[PDB]
>>> print(open('start_38.cif').read())   # mmCIF, C-alpha atoms
data_input
#
loop_
_atom_site.group_PDB
_atom_site.id
_atom_site.type_symbol
_atom_site.label_atom_id
_atom_site.label_comp_id
_atom_site.auth_asym_id
_atom_site.auth_seq_id
_atom_site.Cartn_x
_atom_site.Cartn_y
_atom_site.Cartn_z
ATOM 1 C CA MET A 1 -128.697 192.189 216.187
ATOM 2 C CA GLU A 2 -125.056 192.809 217.111
ATOM 3 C CA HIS A 3 -123.056 194.157 214.152
ATOM 4 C CA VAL A 4 -119.703 192.374 213.834
ATOM 5 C CA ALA A 5 -118.478 190.396 210.836
ATOM 6 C CA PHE A 6 -117.159 186.868 210.884
ATOM 7 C CA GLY A 7 -113.359 186.972 210.649
ATOM 8 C CA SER A 8 -112.907 190.652 211.617
ATOM 9 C CA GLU A 9 -109.327 191.812 212.428
ATOM 10 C CA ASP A 10 -110.385 193.452 215.685
ATOM 11 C CA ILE A 11 -112.996 190.866 216.822
ATOM 12 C CA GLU A 12 -111.601 190.225 220.303
ATOM 13 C CA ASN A 13 -111.888 193.858 220.975
ATOM 14 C CA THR A 14 -115.547 194.199 219.906
ATOM 15 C CA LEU A 15 -116.609 191.134 221.772
ATOM 16 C CA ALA A 16 -114.914 192.330 224.964
ATOM 17 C CA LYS A 17 -117.819 194.626 225.797
ATOM 18 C CA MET A 18 -120.392 191.868 225.404
ATOM 19 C CA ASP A 19 -122.412 190.041 228.033
ATOM 20 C CA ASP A 20 -124.017 186.672 227.282
ATOM 21 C CA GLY A 21 -127.057 188.669 226.327
ATOM 22 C CA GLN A 22 -125.032 190.542 223.682
ATOM 23 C CA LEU A 23 -123.316 187.388 222.406
ATOM 24 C CA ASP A 24 -126.736 186.098 221.450
ATOM 25 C CA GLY A 25 -127.173 188.886 218.967
ATOM 26 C CA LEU A 26 -124.382 187.766 216.665
ATOM 27 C CA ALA A 27 -124.777 186.470 213.162
ATOM 28 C CA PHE A 28 -122.358 183.593 213.809
ATOM 29 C CA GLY A 29 -121.622 181.152 216.511
ATOM 30 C CA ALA A 30 -119.473 182.117 219.433
ATOM 31 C CA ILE A 31 -117.896 179.975 222.189
ATOM 32 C CA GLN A 32 -115.575 181.153 224.916
ATOM 33 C CA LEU A 33 -113.229 178.601 226.361
ATOM 34 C CA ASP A 34 -110.533 178.667 229.077
ATOM 35 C CA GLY A 35 -107.036 177.215 228.353
ATOM 36 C CA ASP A 36 -108.184 173.797 229.503
ATOM 37 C CA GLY A 37 -111.076 173.997 227.008
ATOM 38 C CA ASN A 38 -113.965 174.373 229.356
ATOM 39 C CA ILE A 39 -116.917 176.347 228.064
ATOM 40 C CA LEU A 40 -117.359 179.819 229.636
ATOM 41 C CA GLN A 41 -119.808 181.203 227.114
ATOM 42 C CA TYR A 42 -121.859 179.661 224.314
ATOM 43 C CA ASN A 43 -124.262 181.722 222.181
ATOM 44 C CA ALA A 44 -127.657 181.215 220.614
ATOM 45 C CA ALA A 45 -126.302 181.068 217.107
ATOM 46 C CA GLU A 46 -123.977 178.118 218.071
ATOM 47 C CA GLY A 47 -126.980 176.423 219.582
ATOM 48 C CA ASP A 48 -128.948 176.825 216.270
ATOM 49 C CA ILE A 49 -126.096 175.185 214.373
ATOM 50 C CA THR A 50 -125.268 172.169 216.600
ATOM 51 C CA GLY A 51 -128.525 171.423 218.367
ATOM 52 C CA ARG A 52 -126.960 171.982 221.833
ATOM 53 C CA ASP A 53 -128.690 173.946 224.584
ATOM 54 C CA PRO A 54 -126.412 176.865 225.407
ATOM 55 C CA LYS A 55 -126.974 177.284 229.168
ATOM 56 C CA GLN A 56 -126.587 173.548 229.657
ATOM 57 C CA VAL A 57 -123.188 173.192 227.957
ATOM 58 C CA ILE A 58 -121.600 175.946 230.071
ATOM 59 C CA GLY A 59 -119.202 174.274 232.405
ATOM 60 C CA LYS A 60 -118.521 171.227 230.301
ATOM 61 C CA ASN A 61 -115.244 170.543 228.442
ATOM 62 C CA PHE A 62 -115.580 171.201 224.712
ATOM 63 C CA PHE A 63 -113.034 168.591 223.669
ATOM 64 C CA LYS A 64 -113.851 165.705 225.990
ATOM 65 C CA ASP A 65 -117.491 166.158 226.778
ATOM 66 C CA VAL A 66 -119.346 168.307 224.165
ATOM 67 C CA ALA A 67 -117.423 168.142 220.843
ATOM 68 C CA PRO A 68 -115.253 164.963 220.766
ATOM 69 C CA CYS A 69 -115.076 165.121 216.944
ATOM 70 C CA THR A 70 -112.920 168.292 217.374
ATOM 71 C CA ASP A 71 -110.582 166.158 219.571
ATOM 72 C CA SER A 72 -108.076 165.709 216.786
ATOM 73 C CA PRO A 73 -104.825 167.249 215.659
ATOM 74 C CA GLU A 74 -106.526 169.548 213.185
ATOM 75 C CA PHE A 75 -108.788 171.207 215.725
ATOM 76 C CA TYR A 76 -107.722 170.480 219.336
ATOM 77 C CA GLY A 77 -104.087 170.039 218.231
ATOM 78 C CA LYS A 78 -104.141 173.647 217.174
ATOM 79 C CA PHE A 79 -106.004 174.896 220.236
ATOM 80 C CA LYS A 80 -103.551 173.565 222.726
ATOM 81 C CA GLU A 81 -100.639 174.748 220.555
ATOM 82 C CA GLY A 82 -102.084 178.229 220.839
ATOM 83 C CA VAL A 83 -102.595 177.958 224.521
ATOM 84 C CA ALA A 84 -99.082 176.776 225.182
ATOM 85 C CA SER A 85 -97.705 179.598 222.980
ATOM 86 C CA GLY A 86 -99.990 182.295 224.225
ATOM 87 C CA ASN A 87 -101.098 183.273 220.822
ATOM 88 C CA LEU A 88 -103.753 181.696 218.454
ATOM 89 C CA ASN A 89 -105.365 183.057 215.234
ATOM 90 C CA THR A 90 -106.480 180.480 212.688
ATOM 91 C CA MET A 91 -109.290 179.695 210.338
ATOM 92 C CA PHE A 92 -110.228 176.388 208.785
ATOM 93 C CA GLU A 93 -113.162 174.401 207.459
ATOM 94 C CA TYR A 94 -114.402 171.340 209.435
ATOM 95 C CA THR A 95 -117.300 168.942 209.590
ATOM 96 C CA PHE A 96 -119.345 168.633 212.797
ATOM 97 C CA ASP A 97 -120.893 165.157 212.957
ATOM 98 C CA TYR A 98 -121.223 163.971 216.588
ATOM 99 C CA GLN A 99 -124.801 162.943 217.225
ATOM 100 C CA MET A 100 -126.079 165.166 214.494
ATOM 101 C CA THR A 101 -126.543 165.573 210.769
ATOM 102 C CA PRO A 102 -123.154 166.320 209.431
ATOM 103 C CA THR A 103 -122.589 169.930 208.922
ATOM 104 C CA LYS A 104 -119.615 171.684 207.352
ATOM 105 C CA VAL A 105 -118.639 174.947 208.952
ATOM 106 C CA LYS A 106 -115.991 177.566 208.918
ATOM 107 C CA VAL A 107 -114.205 177.705 212.263
ATOM 108 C CA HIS A 108 -112.139 180.577 213.493
ATOM 109 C CA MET A 109 -110.064 180.466 216.616
ATOM 110 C CA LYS A 110 -108.502 183.420 218.386
ATOM 111 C CA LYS A 111 -107.128 184.382 221.787
ATOM 112 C CA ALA A 112 -109.333 186.831 223.705
ATOM 113 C CA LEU A 113 -108.143 190.140 225.177
ATOM 114 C CA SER A 114 -108.779 188.455 228.516
ATOM 115 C CA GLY A 115 -106.310 186.803 230.507
ATOM 116 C CA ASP A 116 -106.145 183.147 229.727
ATOM 117 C CA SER A 117 -109.176 182.633 227.456
ATOM 118 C CA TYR A 118 -109.966 181.800 223.827
ATOM 119 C CA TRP A 119 -112.734 182.194 221.237
ATOM 120 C CA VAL A 120 -114.129 179.668 218.754
ATOM 121 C CA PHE A 121 -116.362 181.360 216.137
ATOM 122 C CA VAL A 122 -118.537 179.335 213.749
ATOM 123 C CA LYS A 123 -120.535 179.843 210.587
ATOM 124 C CA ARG A 124 -122.121 177.539 208.049
ATOM 125 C CA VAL A 125 -120.368 177.170 204.626
#
>>> encode(input="start_38.cif", output="structure tokens")
Amino acid sequence: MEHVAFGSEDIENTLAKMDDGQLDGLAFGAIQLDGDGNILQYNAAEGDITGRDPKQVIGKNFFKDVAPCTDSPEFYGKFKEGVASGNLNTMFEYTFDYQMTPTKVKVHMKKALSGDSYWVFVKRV
């Protein structure tokens, strides 16, 4: 299993080396999004949490299609603010409850080392 801690100061850097195979080895959920919010990667651990099938959600839009409950000022609001600014590093608790048993999580968003892309990292609390 891939050894990286939730909330690590250098997390973008560690994750930079990792293929979709390596993503799946993480102890927490990981989602890679473009600036429009389309899903570029989605790991196994995120799948275990939400019920979604990772391969199948690649290419969809997180905020419109997959996770409309995060389409709010306190999640999406912050995302787009980070994209506009070109910098994003924030951690909050939230409840996932779209077509599922409601599930409180800790969510951590950060800009990746790449270009124009962003991480969402997720663990149960």
>>> atom_distance(input="start_38.cif", atom1="CA of residue 19 (chain A)", atom2="CA of residue 84 (chain A)")
27.0 Å
>>> resolve_selection(input="start_38.cif", expression="the PyMOL selection byres ((chain A and resi 45-59) around 9)", output="list in words")
residues 23, 24, 25, 26, 27, 28, 29, 30, 31, 38, 39, 40, 41, 42, 43, 44, 60, 61, 62, 66, 96, 100, 101, 103, 121, 122, 123 and 124 of chain A
>>> residues_around(input="start_38.cif", residues="residue 9 (chain A)", least_positions_apart="4", cutoff="12 Å", atoms="only C-alpha atoms", output="MDAnalysis selection string")
chainID A and resid 4:5 13:15 89:90 108 110
>>> closest_residue(input="start_38.cif", among="A:111, A:64, A:97, A:70", to="residue 85 (chain A)", atoms="all atoms listed in the file")
A:111
>>> closest_residue(input="start_38.cif", among="A:65, A:32, A:91, A:73", to="residue 116 (chain A)", atoms="all atoms listed in the file")
A:32
>>> decode(input="start_38.cif", residues="chain A", atoms="C-alpha atoms", output="JSON list (two decimals), in the first residue's frame")
[["chain", "number", "residue", "atom", "x", "y", "z"],
["A", 1, "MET", "CA", 0.00, 0.00, 0.00],
["A", 2, "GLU", "CA", 1.28, 3.47, -0.91],
["A", 3, "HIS", "CA", 2.69, 5.30, 2.12],
["A", 4, "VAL", "CA", 1.45, 8.90, 2.25],
["A", 5, "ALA", "CA", -0.54, 10.51, 5.05],
["A", 6, "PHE", "CA", -3.79, 12.38, 4.69],
["A", 7, "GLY", "CA", -3.09, 16.12, 4.88],
["A", 8, "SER", "CA", 0.69, 15.94, 4.22],
["A", 9, "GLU", "CA", 2.48, 19.27, 3.47],
["A", 10, "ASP", "CA", 4.18, 17.87, 0.38],
["A", 11, "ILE", "CA", 1.31, 15.69, -0.94],
["A", 12, "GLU", "CA", 1.19, 17.07, -4.48],
["A", 13, "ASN", "CA", 4.77, 16.19, -4.84],
["A", 14, "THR", "CA", 4.42, 12.55, -3.70],
["A", 15, "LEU", "CA", 1.39, 11.95, -5.81],
["A", 16, "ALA", "CA", 3.10, 13.35, -8.91],
["A", 17, "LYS", "CA", 4.95, 10.09, -9.50],
["A", 18, "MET", "CA", 1.79, 8.00, -9.31],
["A", 19, "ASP", "CA", -0.12, 6.24, -12.06],
["A", 20, "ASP", "CA", -3.75, 5.22, -11.58],
["A", 21, "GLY", "CA", -2.36, 1.92, -10.42],
["A", 22, "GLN", "CA", -0.41, 3.68, -7.65],
["A", 23, "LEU", "CA", -3.33, 5.92, -6.67],
["A", 24, "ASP", "CA", -5.24, 2.78, -5.79],
["A", 25, "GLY", "CA", -2.77, 1.96, -3.07],
["A", 26, "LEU", "CA", -3.61, 4.96, -0.91],
["A", 27, "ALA", "CA", -5.23, 4.87, 2.48],
["A", 28, "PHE", "CA", -7.61, 7.70, 1.56],
["A", 29, "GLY", "CA", -9.67, 8.75, -1.35],
["A", 30, "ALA", "CA", -8.13, 10.64, -4.21],
["A", 31, "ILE", "CA", -9.76, 12.47, -7.15],
["A", 32, "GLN", "CA", -8.00, 14.50, -9.80],
["A", 33, "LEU", "CA", -10.01, 17.18, -11.49],
["A", 34, "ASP", "CA", -9.28, 19.76, -14.22],
["A", 35, "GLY", "CA", -10.20, 23.47, -13.67],
["A", 36, "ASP", "CA", -13.65, 22.85, -15.09],
["A", 37, "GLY", "CA", -14.13, 20.03, -12.55],
["A", 38, "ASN", "CA", -14.04, 17.06, -14.82],
["A", 39, "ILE", "CA", -12.69, 13.87, -13.33],
["A", 40, "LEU", "CA", -9.21, 12.83, -14.59],
["A", 41, "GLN", "CA", -8.46, 10.26, -11.93],
["A", 42, "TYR", "CA", -10.54, 8.55, -9.25],
["A", 43, "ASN", "CA", -9.08, 5.91, -6.92],
["A", 44, "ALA", "CA", -10.26, 2.68, -5.36],
["A", 45, "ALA", "CA", -10.47, 4.13, -1.89],
["A", 46, "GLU", "CA", -12.91, 6.88, -3.13],
["A", 47, "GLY", "CA", -14.94, 4.15, -4.75],
["A", 48, "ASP", "CA", -15.14, 2.23, -1.39],
["A", 49, "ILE", "CA", -16.44, 5.35, 0.33],
["A", 50, "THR", "CA", -19.09, 6.60, -2.16],
["A", 51, "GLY", "CA", -20.21, 3.46, -3.94],
["A", 52, "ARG", "CA", -19.12, 4.82, -7.37],
["A", 53, "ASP", "CA", -17.25, 2.73, -9.92],
["A", 54, "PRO", "CA", -13.94, 4.48, -10.52],
["A", 55, "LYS", "CA", -13.31, 3.76, -14.22],
["A", 56, "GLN", "CA", -16.88, 4.73, -15.03],
["A", 57, "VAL", "CA", -16.82, 8.19, -13.41],
["A", 58, "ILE", "CA", -13.68, 9.26, -15.30],
["A", 59, "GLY", "CA", -14.74, 11.83, -17.80],
["A", 60, "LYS", "CA", -17.80, 13.05, -15.97],
["A", 61, "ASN", "CA", -18.09, 16.44, -14.22],
["A", 62, "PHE", "CA", -17.80, 16.10, -10.44],
["A", 63, "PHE", "CA", -20.04, 19.06, -9.66],
["A", 64, "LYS", "CA", -22.82, 18.66, -12.21],
["A", 65, "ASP", "CA", -22.90, 14.97, -12.91],
["A", 66, "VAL", "CA", -21.31, 12.87, -10.10],
["A", 67, "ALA", "CA", -21.43, 14.88, -6.83],
["A", 68, "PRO", "CA", -24.21, 17.53, -7.05],
["A", 69, "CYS", "CA", -24.33, 17.78, -3.23],
["A", 70, "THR", "CA", -20.83, 19.39, -3.41],
["A", 71, "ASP", "CA", -22.37, 21.98, -5.81],
["A", 72, "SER", "CA", -22.63, 24.60, -3.11],
["A", 73, "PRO", "CA", -20.68, 27.59, -1.89],
["A", 74, "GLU", "CA", -18.90, 25.60, 0.79],
["A", 75, "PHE", "CA", -17.43, 23.04, -1.57],
["A", 76, "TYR", "CA", -17.67, 24.11, -5.25],
["A", 77, "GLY", "CA", -17.60, 27.80, -4.23],
["A", 78, "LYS", "CA", -14.15, 27.19, -2.87],
["A", 79, "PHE", "CA", -12.98, 25.07, -5.79],
["A", 80, "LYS", "CA", -13.68, 27.64, -8.41],
["A", 81, "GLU", "CA", -12.22, 30.38, -6.19],
["A", 82, "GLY", "CA", -9.01, 28.38, -6.15],
["A", 83, "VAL", "CA", -9.06, 27.83, -9.84],
["A", 84, "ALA", "CA", -9.59, 31.47, -10.64],
["A", 85, "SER", "CA", -6.78, 32.43, -8.23],
["A", 86, "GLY", "CA", -4.39, 29.71, -9.21],
["A", 87, "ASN", "CA", -3.89, 28.54, -5.72],
["A", 88, "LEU", "CA", -6.07, 26.24, -3.46],
["A", 89, "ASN", "CA", -5.26, 24.52, -0.12],
["A", 90, "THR", "CA", -8.18, 23.90, 2.21],
["A", 91, "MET", "CA", -9.60, 21.31, 4.52],
["A", 92, "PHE", "CA", -13.13, 20.96, 5.80],
["A", 93, "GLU", "CA", -15.67, 18.42, 6.99],
["A", 94, "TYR", "CA", -18.72, 17.64, 4.77],
["A", 95, "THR", "CA", -21.54, 15.16, 4.45],
["A", 96, "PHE", "CA", -21.92, 13.11, 1.26],
["A", 97, "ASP", "CA", -25.57, 12.14, 0.82],
["A", 98, "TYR", "CA", -26.49, 11.91, -2.89],
["A", 99, "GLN", "CA", -28.04, 8.53, -3.57],
["A", 100, "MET", "CA", -26.28, 6.98, -0.65],
["A", 101, "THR", "CA", -26.26, 6.56, 3.11],
["A", 102, "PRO", "CA", -25.09, 9.82, 4.46],
["A", 103, "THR", "CA", -21.49, 9.80, 5.27],
["A", 104, "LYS", "CA", -19.41, 12.50, 6.94],
["A", 105, "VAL", "CA", -15.91, 12.89, 5.62],
["A", 106, "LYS", "CA", -12.90, 15.08, 5.84],
["A", 107, "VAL", "CA", -12.20, 16.73, 2.50],
["A", 108, "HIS", "CA", -8.94, 18.28, 1.49],
["A", 109, "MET", "CA", -8.46, 20.26, -1.66],
["A", 110, "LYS", "CA", -5.15, 21.28, -3.19],
["A", 111, "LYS", "CA", -3.70, 22.39, -6.51],
["A", 112, "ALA", "CA", -1.50, 19.77, -8.19],
["A", 113, "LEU", "CA", 2.07, 20.37, -9.39],
["A", 114, "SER", "CA", 0.58, 19.93, -12.85],
["A", 115, "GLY", "CA", -0.48, 22.58, -15.01],
["A", 116, "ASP", "CA", -4.11, 23.35, -14.54],
["A", 117, "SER", "CA", -5.29, 20.50, -12.28],
["A", 118, "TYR", "CA", -6.54, 19.95, -8.73],
["A", 119, "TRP", "CA", -6.81, 17.23, -6.08],
["A", 120, "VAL", "CA", -9.73, 16.32, -3.81],
["A", 121, "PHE", "CA", -8.64, 13.92, -1.03],
["A", 122, "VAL", "CA", -11.18, 12.16, 1.21],
["A", 123, "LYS", "CA", -11.27, 10.19, 4.43],
["A", 124, "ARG", "CA", -14.00, 9.06, 6.78],
["A", 125, "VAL", "CA", -14.36, 10.94, 10.14]]
